[PDB]
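These notes are about the structure you will find just below.
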Amino acid sequence: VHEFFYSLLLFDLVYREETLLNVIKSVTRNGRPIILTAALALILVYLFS
Amino acid sequence: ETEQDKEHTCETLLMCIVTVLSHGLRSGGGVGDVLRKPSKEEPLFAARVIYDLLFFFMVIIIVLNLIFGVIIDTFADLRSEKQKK
Amino acid sequence: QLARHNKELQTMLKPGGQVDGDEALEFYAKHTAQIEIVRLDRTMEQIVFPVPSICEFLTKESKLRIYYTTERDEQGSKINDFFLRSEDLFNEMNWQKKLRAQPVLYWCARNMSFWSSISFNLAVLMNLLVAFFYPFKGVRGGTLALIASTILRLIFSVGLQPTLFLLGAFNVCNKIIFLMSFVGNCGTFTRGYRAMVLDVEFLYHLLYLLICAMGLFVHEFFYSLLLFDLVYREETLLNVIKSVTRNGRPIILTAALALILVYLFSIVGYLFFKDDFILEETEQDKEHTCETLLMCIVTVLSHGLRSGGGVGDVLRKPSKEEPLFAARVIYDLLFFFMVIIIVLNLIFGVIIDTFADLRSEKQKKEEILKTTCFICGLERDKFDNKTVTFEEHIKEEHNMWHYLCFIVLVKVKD
Amino acid sequence: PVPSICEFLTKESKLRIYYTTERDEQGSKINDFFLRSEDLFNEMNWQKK
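Chains as they are written, first to last, in this note's numbering: chain A, 4 to 52; chain B, 179 to 263; chain C, -17 to 396; chain D, 345 to 393.
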């Protein structure tokens, strides 16, 4: 196929080894609030909308 | 017609008004700027100037930074557990 | 009474544990308190008396509410808080059984769960659906949290303005039912110590209902406002908005420090600089001439404040001209630097400060909830570690629930 | 004296165990160690065959 399959393998390579894992735990471990926090933004763009 | 081109007329009236504001949300700068042409006109000029400023302040700093604000909180939480451990 | 000495008492303890299922022994399970209090001085007593019936009826909420609610008023999160709570708690516990006297309300406790379900799910779907399709145009499905999908199909057949009306009515009925469960849970509007909570709850729920009624009879603005409340509830979205409210006094006046930095600077740009913005009957159109000279010069700089980028850029055309070119270049750079970073980031700067303040209080407070003892001021670890045990002397004698049911038995008899 | 399986080992066992831990309760105590130990014994035998 057109590489899309190749690019996706590169994405996993950057995910591994070490403390790049640390900085992405910033958005995942306490990851529950921010996606609903975005809906507080999505309604502030709405009501004002 | 040949290509995706109009004689400069869109006029989002009724449908997806949350997207045409999301059209202006995407530039970060301003918010109200996408809508345009206030132009001194007395019963509406001072009527919306304040509105755009209010919108801008609130949306951008308040959310587009507290959506960043939670992220650094998740650093001082996350490292301090590791350095205590 | 067999406590301090028996080997046979150890065998009584054998009565006590070991999975021998005998009802009398189990029933004590109903009570074993070991209250463990002091008199005026000289003393380290423990007293016991069986449980009181009202306490036995309970809830689940009482224990939960009490531990979490606390306070830390003084040198230890001591009894003051507990005492106020206890008085209110006793009165609240009695109300429960004469609600069991009239059984058609208990469904109302189940509706304490439902209020939530309907209102939250219903509102968002309805408000979003309104946004998705504005009425008065005849339209198909138009391609351009379980029961609601079923309802969507049914409403879809008959015409969809019709569906909108019906949903609003449905919502009102649901509101009435849950409302009833909130009131059922605390009855007679019985009074305690916390005035704010009860009053706000009554009002808030009423306000939530009214908007629905107004909306049924107006362009939804009433519908959208109900969606705003739905996003406000449940949980830690409340946390991140306390960042801007608890330490909320300074930032609104901090904004006026920005509002005067746009002002003082605003004035110079008047005197040492003409306006220099030219390029902006049937329609709202001019032949490219505004020239804000005299009136609202703080707004035409606020016109440039709004883009964030630059500041001076809105004014325009410096163009190499010697007595003024180097004269204002520095001015715009100075303005830009100062206003934007300094305020438009310290107005953000205070916000993250209100995170490291706000969480650190909460993470310290759990450490004084899980790893200090409850009310004996006990530095739970070393001291408790050396003896019989730590953890079960929470469960045996310093039981915070076992104090308060001893307090309610003081008004029983004769 | 030591037991032979333990003597065969790896390098991973020691590393994994210390770092892995837990802090479950009043001290990062033995609970964690015990679960890990059982799994570890089985893993160590697999090495010689």
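Every residue, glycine too, gets a C-beta built ideally from N, C-alpha and C.
Query	Result
Give me the Cβ distance between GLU53/C and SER44/C, rounded to the nearest whole Å; I'm assuming they're in contact under 8 Å.	Not quite, the Cβ-Cβ distance comes to about 17 Å (not below 8 Å), so this is no contact.
Please state whether the Cβ-Cβ distance between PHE152/C and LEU104/C is less than 9 Å.	yes
Quick one: what's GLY371/D bridged to in DSSP?	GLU369/D
Go ahead and pull the three-state DSSP assignment for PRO85/C.	helix
As a quick exercise: from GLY290/C, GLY286/C, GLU303/C, pick the residue whose alpha carbon is nearest that of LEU297/C.	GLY286/C
Who are the neighbours of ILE249/B on chain A, taking C-beta pairs under 7 Å?	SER29, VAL30
With a cut-off of 9 Å, does the C-beta of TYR49/A fall near any C-beta of chain B?	yes
To the nearest angstrom, report how far apart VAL370/C and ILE376/C are at their CA atoms.	12 Å
Taking only runs that begin and end inside the segment 265 to 317 of chain C, name each unbroken alpha helix (DSSP H) of 4 or more residues, in chain order.	279 to 287
Suppose you measure from the CA of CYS350/D to the CA of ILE350/C; what does that come to, to the nearest Å?	42 Å
Among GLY166/C, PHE147/C, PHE164/C, whose alpha-carbon lies nearest the alpha-carbon of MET196/C?	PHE147/C
What is the residue span of the alpha helix (DSSP H) that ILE240/B lies within?	Careful: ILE240/B lies outside any alpha helix (DSSP H) and carries neither H nor E.
Helix or strand or just coil, what does DSSP make of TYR175/C?	coil
Could you compute how far the alpha carbon of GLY208/B sits from the alpha carbon of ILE279/C?	19 Å
Looking only at C-alpha atoms, which of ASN229/C, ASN381/C, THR281/C sits nearest to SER248/C?	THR281/C
Using the C-alpha atoms, what's the distance from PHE31/C back to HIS13/C?	8 Å
Would you call the CB atoms of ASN109/C and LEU192/C closer than 9 Å?	no
Just how far apart, CA to CA, sit residue 438/C and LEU66/C?	As shown, chain C starts at -17 and ends at 396. That puts residue 438/C outside it, with no answer to give.
Roughly how many whole angstroms lie between the Cα atoms of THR(-7)/C and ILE19/C?	27 Å
My guess is that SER225/C and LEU328/C are in contact by the Cβ rule of under 8 Å, so how many angstroms apart are they, rounded?	Contact doesn't hold; Cβ gap of about 15 Å is too wide.
On the criterion of 16 or more Cβ atoms from any shown chain inside 10 Å, does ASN156/C qualify as buried, or is it exposed?	buried
Put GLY141/C into one of helix, strand or coil per three-state DSSP.	coil
Chain A partners of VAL237/B, CB-CB under 8 Å?	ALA44, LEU47, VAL48, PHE51
Does the beta-carbon of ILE100/C have 16 or more other beta-carbons within 10 angstroms, so that it is buried, or is it exposed?	buried
Quick test of the definition: if touching needs 3 or more C-beta pairs under 8 Å, does the segment 253 to 269 of chain C touch the segment 351 to 370 of chain C?	no
Which runs of the alpha helix (DSSP H), 4 residues or longer, sit entirely within the segment 5 to 69 of chain C?	5 to 10, 35 to 39, 43 to 51
Anyone know if the C-beta pair for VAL332/C and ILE233/C falls short of 9 Å?	yes
Per DSSP, what kind of secondary structure is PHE385/D in: helix, strand or coil?	helix
Using a Cβ cut-off of 9 Å (strictly closer), state whether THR218/C contacts chain A.	yes
What are the uninterrupted segments assigned as alpha helix (DSSP H) that are 4 or more residues long and contained completely in the segment 186 to 258 of chain C, given in chain order?	204 to 214, 219 to 224, 231 to 253
Starting from the Cα of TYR49/C, find the closest Cα among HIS384/C, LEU391/C, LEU276/C and give me that residue.	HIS384/C
To the nearest angstrom, how far is the alpha carbon of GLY123/C from that of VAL48/A?	25 Å
Mind pulling the chain A residues with CB within less than 7 Å of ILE228/B?	Chain A residues near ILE228/B: none, gap ~13 Å exceeds 7 Å.
Given that a residue counts as buried once 16 or more other Cβ atoms are within 10 Å of its Cβ, and exposed if not, what is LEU246/C?	exposed
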